[PDB]
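To start, the structure itself, in structure tokens.
One-based numbering along the sequence shown. Heavy atoms only: backbone and side chains are in, while hydrogens, waters and symmetry mates are out. When a ligand or atom number is given, it counts from 1 through the structure's own listing order.
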Amino acid sequence: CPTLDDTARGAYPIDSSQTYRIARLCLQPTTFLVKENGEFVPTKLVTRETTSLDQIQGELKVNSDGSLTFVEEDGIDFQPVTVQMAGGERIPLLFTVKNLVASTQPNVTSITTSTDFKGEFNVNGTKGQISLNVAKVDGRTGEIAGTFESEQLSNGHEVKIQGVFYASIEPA
Ligand SMILES: [Ca+2]
Ligand SMILES: [Ca+2]
Ligand SMILES: [Ca+2]
């Protein structure tokens with residue numbers, strides 16, 4: 001995924017008289033865990049081409065409590081991946097955030113390094129959950145970066161996926 005400038009600093013103010021969007025969201029997985037014996041255990045990513053989701057975008061709606069809700073409306077939000085268990089089994093997994101709806105804490109006055117987005121998405125007839133932890137904000141450009149963790153059910157396996165993300169926020 002893209003990265004922020006070395007000098008990225010400061011919060012990104014949100015003007016309540018304006019509306020905003022996520023123009024781009026990129027998820028780069030660093031971690032695929034598969035449940036075995038009730039434990040999420042690590043696997044090796046075997047797919048050597050791009051495994052990121054990117055170009056994800058959509059409105060940021062304002063709720064009555066001042067939180068923002070991201071409604072995913074487009075993007076490369078689905079990627080088939082193959083991982084390999086320690087014992088050698090190669091499992092195809094579906095990495096996705098399709099139909100993501102994720103909200104911040106209340107009373108949004110600015111996007112900061114303590115902003116979180118939490119919500120749910122659809123994986124071919126079941127729900128997944130995801131948390132985005134913003135870790136860095138460029139207040140000048142609207143670029144943000146952080147880490148994510150999702151849980152879902154792809155191909156008869158309960159799967160956790162973790163990694164890094166980049167996004168850009170801008171007025172509508
Ligand atoms: Ca453990
Ligand atoms: Ca453990
Ligand atoms: Ca944070």
Side-chain angles (χ1 to χ4, degrees), residues 1-16 20-46 52-54 56-58 60-63 65-72 75 81 83-91 93 95 97 100-121 128-170:
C1 77
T3 65
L4 267 49
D5 289 336
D6 284 30
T7 62
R9 63 186 280 185
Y12 183 83
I14 295 292
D15 182 353
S16 63
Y20 294 83
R21 66 189 297 256
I22 295 188
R24 180 183 184 176
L25 168 63
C26 179
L27 288 84
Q28 178 171 348
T30 59
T31 309
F32 292 87
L33 313 175
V34 175
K35 186 170 281 191
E36 185 182 27
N37 301 313
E39 183 178 5
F40 287 111
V41 296
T43 69
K44 295 197 289 196
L45 173 66
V46 170
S52 63
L53 306 182
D54 201 354
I56 290 159
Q57 60 187 263
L60 284 163
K61 292 181 179 177
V62 184
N63 302 302
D65 69 349
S67 62
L68 294 180
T69 296
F70 174 53
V71 179
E72 195 246 0
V81 171
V83 301
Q84 187 177 300
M85 305 290 294
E89 175 177 357
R90 298 194 149 200
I91 301 172
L93 299 179
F95 179 33
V97 294
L100 179 58
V101 178
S103 298
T104 71
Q105 303 102 320
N107 287 322
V108 176
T109 64
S110 65
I111 306 301
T112 73
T113 62
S114 65
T115 302
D116 297 312
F117 293 82
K118 301 189 184 325
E120 280 189 292
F121 55 92
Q129 209 101 349
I130 187 168
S131 293
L132 310 177
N133 174 350
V134 179
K136 196 163 195 172
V137 177
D138 191 326
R140 300 176 82 185
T141 63
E143 294 173 290
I144 67 175
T147 59
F148 73 92
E149 183 166 300
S150 59
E151 284 195 49
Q152 68 191 70
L153 302 80
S154 50
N155 221 280
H157 290 284
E158 294 178 52
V159 181
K160 275 181 172 191
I161 306 176
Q162 311 172 166
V164 298
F165 76 89
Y166 165 92
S168 59
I169 293 167
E170 65 187 18

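The nearest N, O or S atom of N133 is closer to the Ca ion (ligand 3) than 3.0 Å. At a threshold of 3.0 Å, the Ca ion (ligand 3) has no backbone or side-chain N, O or S atom of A135 nearer than that distance. For a distance bound of 3.0 Å, the N, O or S atoms of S114 include none lying that close to the Ca ion (ligand 3).
Screening the protein for N, O or S atoms under 3.0 Å from the Ca ion (ligand 1) yields 1; no waters enter the count.
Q28 places no side-chain N or O within donor-acceptor distance of the main-chain N or O of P2, the cut-off being under 3.5 Å.
You'll find the side chain of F165 reaches within 4.5 Å of the side chain of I144, heavy atoms only.
With 3.5 Å as the limit, one finds no donor-acceptor pair spanning the side chains of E170 and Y20.
Ring geometry for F95 against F32 counts as perpendicular: the plane angle is over 60°, on a 0 to 90° scale with 30° as the lower cut.
The environment of NZ in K44 is sparse: at most 12 heavy-atom neighbours from other residues, nucleotides or ligands sit within 6.0 Å. Around atom NZ of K61, no more than 12 heavy atoms belonging to other residues, nucleotides or ligands sit under 6.0 Å away.
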Show, in sequence, the C-alpha distance, side-chain angles and deciding distance for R24 and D54, and conclude whether the salt bridge (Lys or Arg N to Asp or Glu O under 4.0 Å) test is met. CA-CA 7 Å; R24 180 183 184 176; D54 201 354; 2.8 Å; yes

